[PDB]
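For reference, the chain that follows is the form deposited in one PDB entry, supplied as structure tokens.
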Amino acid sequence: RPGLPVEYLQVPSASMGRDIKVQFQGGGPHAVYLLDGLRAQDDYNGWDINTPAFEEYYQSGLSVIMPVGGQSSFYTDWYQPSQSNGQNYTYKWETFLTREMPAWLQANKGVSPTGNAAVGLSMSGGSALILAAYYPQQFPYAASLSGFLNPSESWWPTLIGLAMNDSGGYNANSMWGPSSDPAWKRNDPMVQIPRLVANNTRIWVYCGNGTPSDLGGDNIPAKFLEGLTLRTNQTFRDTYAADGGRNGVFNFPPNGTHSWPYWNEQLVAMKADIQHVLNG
């Protein structure tokens, strides 16, 4: 027998008409779903490319799930195929993560469809909170690392639209419609704080301040993006408490850029908390 039981799986998606690749390390009935960033590749999830996540969670009593693909998808269900880059199907990542994938993992890998953690970064930080907001039994724990937490507000729909076009030529209009469309507020974590409060979801929200430490990530884009989204994260913390939120961890250290070393540092930092919440 091998060492770490890392697997590479093909999970059929009826909604997207294709098999979705999923990296997996079985290690318990509850799992940590590690969502990727905006530039998600079709071969491997960014957590396995850039961090020791599997090694760090090996023997933790938790399974680790790293879905592969979904560049610029926001792990959401889109209204239509991305208009412009020739995408030939409609992304239905929320349907995949909440219905198709958990059903398949339950049947084939013994993973419970309920009582899991959604952990996202950058693009998927907001996705993790939205998944927990609407599917609280599946995700009683959600972590957002350097997420964009008020996507429907001010300049955010415009900036997100630019970033999606930059990463693969995807079109935000095909995803959630123009910014006036209800889908923008439906998928906005700040707007959905009342749901996170009502469900008493355990949330772990992190955002650095743009100053690199010994961990690295010292480049202008990483510094810029972290400083740009920190304000929104602080407003989210404030709004969460004002709205009766009482189950959140907010880490806003005096360091950190929008890069993998810091996201990995937080994944390690939250392990005991996830073990406590999901496994008792």
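When you see a residue number, it is the position in the sequence shown, counting from 1. Only residues modelled in both forms are compared. Between two forms, the rigid core is the largest collection of C-alphas that superpose within 1.5 Å.
Another form exists, deposited in another entry; not displayed. Remarks below refer to it.
- Core superposition between the shown form and the other one leaves every listed residue (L62, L225, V68, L38) with a C-alpha shift below 2 angstroms except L225.
- After superposition on the rigid core, displacement of the C-alpha of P212 between the shown form and the other one amounts to 2 Å or more.
- Distance between the C-alpha atoms of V249 and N219: longer in the other entry than here (change of 3 Å or more).
- The Cα-Cα distance between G217 and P52 is lengthened by 3 Å or more in the other entry relative to the form shown here.
- The protein segments that move between the shown form and the other one, counted as runs of at least three consecutive residues with every Cα displaced by 2 Å or more relative to the fitted core, are 1 to 3, 211 to 228.
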